[PDB]
Ligand SMILES: Nc1ncnc2c1ncn2[C@@H]1O[C@H](COP(=O)(O)OP(=O)(O)O)[C@@H](O)[C@H]1O
Ligand SMILES: Nc1ncnc2c1ncn2[C@@H]1O[C@H](COP(=O)(O)OP(=O)(O)O)[C@@H](O)[C@H]1O
Ligand SMILES: Nc1ncnc2c1ncn2[C@@H]1O[C@H](COP(=O)(O)OP(=O)(O)O)[C@@H](O)[C@H]1O
Ligand SMILES: Nc1ncnc2c1ncn2[C@@H]1O[C@H](COP(=O)(O)OP(=O)(O)O)[C@@H](O)[C@H]1O
Ligand SMILES: Nc1ncnc2c1ncn2[C@@H]1O[C@H](COP(=O)(O)OP(=O)(O)O)[C@@H](O)[C@H]1O
Ligand SMILES: Nc1ncnc2c1ncn2[C@@H]1O[C@H](COP(=O)(O)OP(=O)(O)O)[C@@H](O)[C@H]1O
Ligand SMILES: O=C(COP(=O)(O)O)[C@@H](O)[C@@H](O)COP(=O)(O)O
Ligand SMILES: O=C(COP(=O)(O)O)[C@@H](O)[C@@H](O)COP(=O)(O)O
Ligand SMILES: O=C(COP(=O)(O)O)[C@@H](O)[C@@H](O)COP(=O)(O)O
Ligand SMILES: O=C(COP(=O)(O)O)[C@@H](O)[C@@H](O)COP(=O)(O)O
Ligand SMILES: O=C(COP(=O)(O)O)[C@@H](O)[C@@H](O)COP(=O)(O)O
Ligand SMILES: O=C(COP(=O)(O)O)[C@@H](O)[C@@H](O)COP(=O)(O)O
């Protein structure tokens, strides 16, 4: 070997098969998907470079709001990384701060370490990682977990990848207070969402996750709803959406229970109708 | 099975028998009772949907003032939930923050866990839950109880339902500081009551709970009392009501002891008369 | 039984015999004594009501200054309560915060619990109870004692009565910080004593407690003293009174030792004379 | 017995023999000595009253500056108290805060208790007692010592007397923060000192304690010194006196070493001469 | 021996062979290299002085930014020091604060001590040493590590050299708070890198460390980039450089993957082209 | 014996031989040396007084800047004290706060105590003692070391002398906060040095301690240097001097290494020349 065919590796790795898996398994967020397509390319090239004699550097940060594909992309990353020979067992260990820090004084270091043992050969995924740093609280022993984490991200490299994730404002603050992470994360990925279309996409995903469908009439009813809701006080984006869908679901349940034609099937029970949304006082004025 | 008769489940579950039990066992708060009627409908439908292949999501929050039916509705919920096959042993474990958090450093995690063991197959009911988060205090180890609680509400699902309850202002603040609860509570129920009529309803419920009745004359005497009391300093709503009723009870006891016609019966001993309320310095001016 | 003769219970209980015992054993504070007379009536009636099928609710708070009869009334309460079948062994366990909270981390819960064991069947009396809540101090474990106390006042009812006592300003603050006590205390009793007459009453009680009498001339000498003292800086009410009486006692002792007519009797040794008070620089101007 | 001869007890107790012992063993502070004479009288009378059927109340506070006779009066008190049958073994146990509070968490309660065991039948003397209350410091466990102390001063009475002593400003503050002491101290004794004569008395006592005498010429030299020193900045009363005497002693030593007539005797070595004081830059202007 | 030939020692030690090793193994930072050349001279002379009868004093501080040669110079120091007979086993033990301080209360002193055992006969290298002093955090036991460190730097001298390193602002602050280090460091070495040329040098070193080269066209493209970037908000110097190079690398990877002429060699894969930098929105205006 | 020949003791003790040792072993600071001469005289006399029947009082404080002879005088004191029979084994135990206070909670009292055991029969020397009082820090247990120290300085006297030393501003503050030390220190010794001449003396002592001499030309070069340096920002007195001498030493080493006439002797290697100082940018303007 002297040169390297990139497409040979791309087609030989099954990396394309994981990138396809990502398009199919994430309701269109092309922005992000392209960014992962691009990182795949770099990950490919870096590997081809390592195969011609030139340890990588892999850790990444995923920042954005709830419901932007952080977890489901992270899973695919572990895949991709296992397919490009960066990781041995391409498996994702997803953990919060409450899996790494123990209440008792000294029961944190074995806990982080053992979680790490389970992570080895794959990817550790620390959701809202910045919660490990709580000097707000006394008797929270999260600084030890940081120390052990930080030490691992520099030293014990070739057998682990770490992904910190969560809100960006909170992550960037976490790096201020705990530097040495910025230099250890090679991949900062922003997960963007909200515009009406985005809020509607969210509404749609939420309903897919619950196995409910809207009737076309109800879809337009929601689009109306959203536009109005965003001009009323204390609009909470995604929360306001969950909340509307919750109340819609409650209304749909009562609509059906009160009708009672007789037996009804999955479509009748999975469908949110125009009535269920338009009955909201959001359409009255509040 | 292909369609599902909802009324068949509603009548087969005995869910109606628990909803009747609620009307009979809660002095009219039709507002709330309708909201529970409605949630019952959704809980019904969701179940019928789970029975056609489409884990639920059950936790709820009860917000409002003291004396609005939070506990007595929660009890009925545990019933309803057991009747709709969501819960195995339909029993309510009611706990405050002082049942989950221990003084000693590490004697909290076994305590929360064991309470949880007692809760399993039924409903855990955390009154004024927001008191678990006390970063105001040092040496209070309530954050561990939150961690264990939060972990349970996501992971170990199909064998427990949690109801956080208490004042709304304090609950919404608690979610700010401890997010991840908002997404875990599927049912936000507001318990409304204060207007004179509400204060009078409260007075009425308090007296029912103690087995005392008022004479019509005394009722109007209280309505007079309330209107005056609310314009005097340090009006404490429900507390001022308990306090007036306490003093009325004391006056009624002394009225009866001092009269002493001879023997007297349950009505004489259960009745608060016009004298007992009007004797208050609230009618003098203070 | 269908009706109930109240006087039959009042005379059968020996409750009157304890109320007489109170008049005889408390230098006239008719205000309070009437309030206890009245509570007795209610306690009577409530009992007669429980005997016709209609658990009581018994805990109380005693608020006021040192030397108003809190302890000596509490003792009689335990009596009264035992005579009306509310309490099994009518005995009063009087405790401060230093009997419930231990220095060591975890040596508080057995200590509160064991004190409670000694209290069972009678009345526990927590003097200046608000001292259990010291978040001012670190390493004071008083919050656990509160938790155990609070739990007992709701759950393990029919075998214990609790009386919190002390200054009112401090008690009401204690309820702010630790709510759930207000609802558990059914009896708020205020112990009143300052106006000149009150200061003089205090002076009088203090001297009774020490077995000293004043000569009429000395009484008027004190009334003069008080009026002057209250217009001088740093007037501390009751403390200033103790302090004057202390100095009077010292002067009386030296008056007698220096005279030495020969032997002298109890009256000579128990009497504070006009000289003993008027010799004060309070009469000179300071 | 019906009356009581006071002089009989005063002469029979040997109380006079301890009061004489006080005059002889305290360089004239007649102010204080009279106050102790007076307290003796009251202590006498109270005893004669207890002997005619009318538990005492004994604890006291000694406030003032260093070098006013607090300790040497306290010793005599223990005497007096043993002679008037208030105390069984008339012995004084003198302790600071560092004898009652231990560093380790829980090694304070046995330490206070054992000190107290040694105190029993006599007088415990807590110098600068207010140092037991250090909420300024964390990991100081002085509040437990307060609790145990306070409990002893009310409950276990007839076998112990406590004397808190030290600066008055600091003592009165200590009572603010720890009330319940004011009511437990029956004897507040102020120890007054400074006027030139007092500063000179102090100088004199200091030199007696060290076995040094001044020559009459040097005495007048000091009186000159004092008057000047008090008008220069940062005058520290007693400290400035120690400091002058220290420097005088140093000068006297060098005066003698440099002279060296031959052998010299106790007078030559015990004497501070006019040279030793007048050589001070205080006489130059600084 | 009477005089000493310095060049004899310089050539006999192999000290020159380590200084050559430094030029070859550190991409030109002549500023620093001269400072190390100079220190070598002094270290030489001091040794020649010790060999004529006149314990040295060796500890040093390395201050500057990431990527200025601190570690790679420290390694050579250990060499040099071993070649001039100051150190027995010329080996460098590189440690952070997380290797010296343990979470548990008392598991720090054995940990520092054992690290020190491994350090003996060579050089201990504490990166960002100032992190040992964290009074910001409770339950961090770093002050003990300071104590043990400080004690070693004075007492147990002839068998250890310590090098504290990191940012200068943070180091000088660390000396304020922990004095006694300034007197123990005999060698303060500043590591300089920002001016455009410096930022470009940094960019260059970063790319060397990653095995990437720029085409001359791309170099000028970066110089353009830098000048623009420094006038846009939140310019973070070196971070902004890493960030640009990261994004350039990502663009280079995608440029190559998308072209796909066929096989490509190390130069094609190591080269960042003009396209990869100029594609930045920094050239659009943001 | 009746009188006492002082010169007999002075010549018999070998006290003169230690005072000579002080002149020879401290580069002229006649001010201090006279003060120690004088204290010797007093220590002599006090001893002669104790030998004629009239426990001493020995502890002292040494205040001043770094480099004024505190340690080297303290050593001689231990000598002197052993020669005048005040101390049994005339040996000096020199300790900082980091030798008395342990990190762990309770590992301070054995540590202070054992250090004290090593001190017994000689002098304990606490450098910068005021660092034992750190209420600035939590989890520093220095107050216990104070307690044990303070207790020793009063009680266990005849087998230990304590010397607190360091900056005066910081010492006097330490006495404010921890009184009872002022009365326990019988000897306050001020160590004076800064004026140009003093800075030059310091420079001179520093160079003696390192075995370097200046050429007369270089001395005047330093005097020039000092005058300029003190008018430039952040002048740090003694530190600026060390720093200049360090850089001079570095320059001298490089001057010699670069010349290389051939062999060179101790004078050439010990000498700092005019070149080595004048090459400083302090002479350029910065
Ligand atoms: N891009 C997406 N495509 C499909 N579903 C999504 C997407 N993003 C979020 N969701 C839905 O919202 C939930 C949020 O998932 P997650 O990745 O864990 O969020 P986070 O951004 O906090 O990491 C998912 O379980 C899923 O049901
Ligand atoms: N809605 C209601 N209907 C009948 N009684 C009520 C109602 N609300 C409150 N009460 C009375 O007041 C008490 C308050 O009960 P609870 O549910 O525990 O209050 P919360 O949960 O809001 O703190 C009840 O035990 C009952 O006696
Ligand atoms: N109402 C009263 N009648 C007679 N003596 C009283 C009365 N109140 C207080 N005293 C006297 O003052 C003391 C104060 O007693 P206590 O009841 O324990 O005070 P408190 O409970 O208010 O703290 C009593 O021991 C008693 O000698
Ligand atoms: N009234 C006094 N008569 C004789 N000596 C005194 C007197 N007051 C103080 N001293 C001297 O000063 C020292 C201070 O003693 P002490 O009673 O302990 O002071 P404090 O007021 O702090 O309790 C004594 O040991 C003694 O040498
Ligand atoms: N002077 C230099 N010469 C060549 N490469 C350097 C130099 N300084 C830094 N680097 C590069 O940057 C990285 C920073 O290394 P390091 O010395 O550990 O940083 P620091 O000690 O300043 O924290 C090195 O691994 C190296 O690849
Ligand atoms: N008076 C002095 N005479 C000679 N050398 C001194 C003198 N003062 C300081 N030094 C030098 O400086 C160092 C400072 O010593 P030290 O007594 O420990 O200072 P300090 O006690 O004031 O902190 C000494 O070891 C010595 O080399
Ligand atoms: O509180 C909200 C919604 O808050 P959010 O913006 O969080 O949804 C009100 O608009 C509803 O109570 C009205 O319900 P309905 O629309 O059924 O009347
Ligand atoms: O303190 C209150 C009532 O407070 P609250 O508002 O909490 O009831 C006074 O009005 C009563 O003491 C009067 O009693 P009465 O009315 O019997 O004179
Ligand atoms: O300090 C006080 C009294 O304070 P309080 O107001 O607390 O009593 C002075 O008036 C007395 O010292 C005078 O005593 P006499 O009156 O014997 O001179
Ligand atoms: O510091 C002081 C005294 O302080 P204090 O007021 O505390 O004594 C100066 O007056 C002395 O140094 C002078 O000594 P001398 O008088 O021997 O010159
Ligand atoms: O956030 C930054 C860079 O921050 P930093 O200054 O830290 O690099 C934006 O300029 C980029 O998102 C633009 O990327 P591109 O230049 O590829 O559009
Ligand atoms: O930082 C300082 C000195 O600080 P300090 O005042 O602490 O010495 C500069 O003057 C030197 O870098 C110049 O060195 P040179 O004089 O060799 O150029």
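Chains as they are written, first to last, in the numbering used here: chain R, 75 to 360; chain W, 75 to 360; chain A, 75 to 360; chain E, 75 to 360; chain B, 75 to 360; chain Z, 75 to 360. Beta carbons are placed, not taken as given, at the ideal position from N, Cα and C, and that holds for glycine.
Query                                                                                                                         : Result
Beta carbon proximity, residue 382 of chain Z to chain E, threshold 8 Å                                                       : Not covered by the structure: residue 382 of chain Z. The range shown for chain Z is 75 to 360.
8 Å Cβ cutoff, residue 212 of chain W in contact with chain A                                                                 : yes
Exposure of residue 177 of chain B, with buried meaning 16 or more beta-carbon neighbours within 10 Å                         : buried
Residue closest to residue 197 of chain W, alpha-carbon to alpha-carbon, out of W:148, W:219, W:97 and W:224                  : W:148
C-alpha distance - residue 107 of chain B paired with residue 275 of chain R, whole-angstrom precision                        : 60 Å
Rounded C-alpha distance that separates residue 238 of chain A from residue 154 of chain A                                    : 18 Å
Residue 381 of chain R at chain B interface by Cβ criterion, 8 Å                                                              : Residue 381 of chain R is absent from the model: chain R starts at 75 and stops at 360.
Distance between residue 221 of chain W and residue 186 of chain W (C-alpha atoms, nearest Å)                                 : 10 Å
Backbone CA spacing between residue 284 of chain B and residue 269 of chain R [nearest angstrom]                              : 40 Å
Short-range partners of chain R found in the segment 170-186 of chain B, where Cβ spacing is below 9 Å                        : 170, 171, 172, 173, 175, 176, 177, 178, 179 and 181
Residue 142 of chain E vs residue 265 of chain E beta-carbon contact at 8 Å                                                   : yes
Buried versus exposed call for residue 357 of chain W [16 or more other C-beta atoms within 10 Å across all chains shown]     : exposed
Cβ shell of residue 299 of chain B (< 7 Å), same chain only, five flanking positions each side left out                       : 318, 351, 354 and 356
Spatial distance of residue 139 of chain B from residue 212 of chain E (CA atoms)                                             : 39 Å
Outcome for residue 315 of chain B when other beta-carbon atoms lying within 10 angstroms are tallied against a minimum of 16 : buried
Anticipated Cβ contact below 8 Å, residue 228 of chain W with residue 182 of chain W, distance rounded                        : The pair is not a contact, with the Cβ atoms about 20 Å apart (cut-off 8 Å).
Sequence-ordered residues whose beta carbon comes within less than 5 Å of a heavy atom of ligand 4                            : E:100, E:101, E:103, E:140, E:141, E:142, E:143, E:144, E:145, E:279 and E:283
Any non-hydrogen atom of ligand 9 within 7 Å of residue 360 of chain A CB                                                     : yes
Residues bridged to residue 239 of chain B [DSSP beta-bridge criterion]                                                       : B:136 and B:201
Closer than 7 Å: residue 201 of chain R CB and nearest ligand 1 heavy atom                                                    : yes
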